[PDB]
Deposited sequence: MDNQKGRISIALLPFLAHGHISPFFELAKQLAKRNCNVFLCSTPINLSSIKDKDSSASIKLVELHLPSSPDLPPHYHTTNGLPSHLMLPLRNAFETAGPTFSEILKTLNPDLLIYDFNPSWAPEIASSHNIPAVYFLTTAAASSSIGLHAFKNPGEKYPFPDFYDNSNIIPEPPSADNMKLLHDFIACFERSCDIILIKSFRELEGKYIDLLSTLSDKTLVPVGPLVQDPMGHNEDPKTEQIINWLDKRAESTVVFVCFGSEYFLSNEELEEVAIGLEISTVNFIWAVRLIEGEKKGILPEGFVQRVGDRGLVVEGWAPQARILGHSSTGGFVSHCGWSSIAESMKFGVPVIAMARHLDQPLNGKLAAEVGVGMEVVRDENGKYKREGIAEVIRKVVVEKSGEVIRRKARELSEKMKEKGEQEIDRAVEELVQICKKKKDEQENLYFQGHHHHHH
């Protein structure tokens, strides 16, 4: 019934853990304990009366706060622990208190399946050349650990409608049952909504590259002029700002969820972050893939494999050109050739909401199953 969460010390992992906390606190009234440093928990203090936040005070010294978290568990004594990828000692300290440990993967199943296959099956080739064409130690073991030490199941921030094939592959490779929990979700924003509401339905393209790379004056040019000749409305949260074909540039944080959820948005030029793609698919907004580093390319083609997006065609090797961007924008958002993509995005969104609440409900009942298998000898 009671669960304790130990995310990693990064706001990219605090939000998914906190949203999972809110989701598990509204079902089965799971007593919820979330272990975060006071500075990290401070940001989440807004609508969390359901969860209970617990402080943790410490080369991240995180790799030294083992006994501190041991003391926290000795006081809290949760019926189960949900750990992240890098705490390392989390699974070990939990077992020293006879607490079953379940791993929470906040990344796509395919990107992890890449490395997990290269270990479980060394020379057997990835099962799909289209996605990955296969044809020094002290880190590979630390990647599999969180999969190996996970008790029975592995929770994943993903949904079957996007990568059920890769989720099943990860299940077989890890020998664990992959349990998907689906996707998980200031006076300066009124101008944003007042602008988007006065535009027609599914005609605005939302452009954002997260905060990974502000690009450069050389790369901002290729996307700015590409948006100019696209001849479509856009909200590009970062021509000459005054000849922009009906667009709005924003400096810092933008209403990403509120823009994708607005009915006037019918396109999302994205760097293909996992949370970004999940949000784009929960609101039925097709994806314009413009990845560059990390697992973002694998994500992009992933959404391109299922048909809810399209990648820009690279003319060079470092970056793309305005034509490559304008062509795909016009094809997806405003042209008939992209109707396949738009239809799929809406149908998949309906499905993600048609099978609503069951996935986390099944996850909760399987977690309770884990807890009851541990009721051995009282």
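Chemist: From the N-terminus onward, what segments of the deposited sequence lack any C-alpha atom in this model?
Modeler: Those parts of the chain that were deposited but carry no coordinates are 1-7, 66-90, 168-177, 228-235, 289-302, 443-455.
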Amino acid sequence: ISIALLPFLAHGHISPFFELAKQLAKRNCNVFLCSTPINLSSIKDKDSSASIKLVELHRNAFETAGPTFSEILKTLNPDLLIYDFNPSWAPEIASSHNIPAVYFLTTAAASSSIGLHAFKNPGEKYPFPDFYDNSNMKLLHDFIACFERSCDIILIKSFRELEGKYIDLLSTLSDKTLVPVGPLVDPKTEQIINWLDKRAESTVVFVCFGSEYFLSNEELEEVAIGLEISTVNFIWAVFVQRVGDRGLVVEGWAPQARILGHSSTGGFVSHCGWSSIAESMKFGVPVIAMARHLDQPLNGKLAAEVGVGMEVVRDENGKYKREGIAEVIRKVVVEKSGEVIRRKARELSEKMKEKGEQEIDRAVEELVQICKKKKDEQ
From here on, numbers count along this sequence of modelled residues.
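Chemist: Comparing average C-alpha B factors as deposited, tell me which of 297-305 and 222-230 sits higher.
Modeler: Between 297-305 and 222-230, it is 222-230.
Chemist: Between 23-31 and 317-325, point out the one with the higher average CA B-factor as the PDB entry records it.
Modeler: According to the entry, 317-325 carries the higher average C-alpha B-factor.
Chemist: Just grab whichever of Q241, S280, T265, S96 has the top CA B-factor as deposited.
Modeler: Of the options given, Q241 has the highest CA B-factor in the PDB entry.
Chemist: Say you rank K120, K165, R258, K138 by Cα B-factor from the PDB entry; which sits at the top?
Modeler: Of the options given, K138 has the highest CA B-factor in the PDB entry.
Chemist: Going by the entry, which third of its chain does the Cα temperature factor of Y103 land in?
Modeler: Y103: CA B-factor falls in the lowest third of its chain.
Chemist: Considering every modelled residue of the chain and its Cα B-factor in the PDB entry, is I52 in the lowest, middle or highest third?
Modeler: Answer is lowest: the recorded C-alpha B-factor places it there.
Chemist: Check where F131 lands among this chain's C-alpha B-factors and tell me if it's the lowest, middle or highest third.
Modeler: Answer is lowest: the recorded C-alpha B-factor places it there.
Chemist: Can you tell me which third, lowest, middle or highest, the CA B-factor of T36 falls into for its chain?
Modeler: For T36, whose C-alpha B-factor we compare with every modelled residue in the chain, the answer is the lowest third.
Chemist: Which third of the chain does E190 land in by C-alpha B-factor: lowest, middle or highest?
Modeler: Highest third - that is where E190 ends up once the chain's C-alpha B-factors are sorted.
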